[PDB]
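Since the structure comes first, as structure tokens, the remarks are kept for the end.
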Amino acid sequence: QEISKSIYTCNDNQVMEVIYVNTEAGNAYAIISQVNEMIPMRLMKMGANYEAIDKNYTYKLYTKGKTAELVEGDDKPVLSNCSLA
Amino acid sequence: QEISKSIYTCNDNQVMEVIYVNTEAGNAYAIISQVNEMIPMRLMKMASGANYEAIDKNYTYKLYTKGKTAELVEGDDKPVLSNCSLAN
Ligand code: NA
Ligand code: NA
Ligand code: NA
């Protein structure tokens with residue numbers, strides 16, 4: 001059972017879903033959906049921060065317990081002050 | 001090595017993205033997006049090729065795939081996306 005779904009409420013009246021994958025061998029991933037595309041991300045720092053696997057994307061997901069923030073480019077905010085719902 | 005994205009061309013000028021998760025130890029999952037939600041799915045250990053069902057029992061999406069082809073249905077095999085093939 002290596003896959004799970006989280007839903008967050010974020011600033012400016014928005015919702016962010018994240019699918020988390022945690023393999024039995026210890027590899028962690030996250031998938032978000034932005035602009036009608038699903039973007040797979042890999043764990044890069046450990047709260048827990050994930051970065052897009054496809055280098056053509058610059059999305060980064062920073063999580064800390066039940067909170068999160070999604071940025072792009074030079075840590076420019078996309079979704080801020082996210083909290084687990 | 002474990003996560004990949006497939007894009008399918010389907011009937012009626014529709015496109016379907018699927019994220020496939022295939023772990024090193026051989027476990028298989030899929031993720032699709034419908035009605036603006038991501039739906040995680042698990043492989044059904046059944047007749048080839050690779051058929052998936054939503055992990056959340058509130059959803060009735062099933063994804064049936066065979067080689068390069070796929071079909072997405074819901075409920076009693078009600079078509080959602082039909083005659084899908086890997087884009088080429
Ligand atoms: Na981007
Ligand atoms: Na047709
Ligand atoms: Na693999």
Side-chain angles (χ1 to χ4, degrees), chain A residues 1-10 12-46 48-61 63 68-70 72 78-79 82-85, chain B residues 1-10 12-46 50-65 70 72 74 80-81 84-87:
Chain A
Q1 211 306 81
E2 292 158 295
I3 190 164
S4 59
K5 176 169 183 181
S6 289
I7 298 161
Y8 298 78
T9 54
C10 301
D12 287 26
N13 303 298
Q14 298 172 263
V15 171
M16 177 178 70
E17 299 187 332
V18 185
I19 307 303
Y20 289 109
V21 175
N22 187 63
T23 76
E24 289 177 24
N27 293 336
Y29 303 93
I31 306 81
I32 56 173
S33 179
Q34 283 283 121
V35 198
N36 285 340
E37 291 185 323
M38 291 185 281
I39 308 296
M41 308 175 99
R42 166 191 302 291
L43 182 66
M44 290 300 298
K45 311 212 299 291
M46 173 157 290
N49 309 144
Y50 300 80
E51 294 175 13
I53 295 169
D54 186 340
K55 283 292 188 176
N56 283 342
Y57 296 82
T58 60
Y59 292 114
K60 290 187 183 185
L61 175 68
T63 73
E69 299 206 319
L70 178 71
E72 66 184 357
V78 177
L79 292 160
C82 302
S83 73
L84 267 181
Chain B
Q1 300 283 317
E2 295 186 297
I3 308 208
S4 57
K5 171 189 285 192
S6 287
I7 298 186
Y8 291 83
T9 39
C10 309
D12 310 339
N13 196 41
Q14 301 300 305
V15 175
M16 180 173 67
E17 275 191 1
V18 185
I19 302 297
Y20 288 110
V21 180
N22 288 291
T23 74
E24 303 168 313
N27 292 339
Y29 309 88
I31 309 163
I32 62 170
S33 179
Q34 280 292 307
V35 200
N36 196 19
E37 305 186 317
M38 285 185 294
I39 308 292
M41 316 178 84
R42 64 174 301 272
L43 181 78
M44 288 178 295
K45 272 65 107 52
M46 62 169 62
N51 308 300
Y52 302 79
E53 67 173 348
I55 296 169
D56 184 339
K57 297 183 295 296
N58 284 315
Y59 296 83
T60 65
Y61 295 116
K62 293 182 169 50
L63 172 68
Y64 297 87
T65 85
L72 181 67
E74 59 186 340
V80 177
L81 291 169
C84 299
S85 285
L86 292 174

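Proteins come first, then strands; the chains are lettered A, B, ... in the order of their sequence lines, and each starts at number 1.
For the options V21(A), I7(A), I32(A), heavy-atom pairs under 4.5 Å to chain B are most numerous at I32(A). Most heavy-atom pairs under 4.5 Å with chain A, from the set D56(B), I31(B), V18(B), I39(B): that is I31(B).
When heavy atoms are compared at a cutoff of 4.5 Å, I55(B) approaches chain A solely by way of its side chain, counted from C-beta outward. Contacts between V15(A) and chain B at a heavy-atom distance below 4.5 Å are absent for every atom of the residue. For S33(A), the parts lying under 4.5 angstrom from a heavy atom of chain B are both the backbone and the side chain. If you measure heavy-atom distances from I3(B) to chain A, the contacts under 4.5 Å come from the side chain alone.
Atoms CE and CD, on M38(B) and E17(A) in that order, are 5.0 Å from each other to the nearest 0.5 Å.
When every heavy atom of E37(A) is checked against every heavy atom of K5(B), the shortest pair comes out as CB-NZ, 4.3 Å. Closest approach of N27(A) and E2(B) over heavy atoms only: ND2-OE1, 2.9 Å. Of all the heavy atoms in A25(A) and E24(B), the pair that sits closest is CB-OE1, 3.5 Å.
Environment of CE in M44(B): crowded, with over 12 heavy atoms of neighbouring residues, nucleotides or ligands closer than 6.0 Å.
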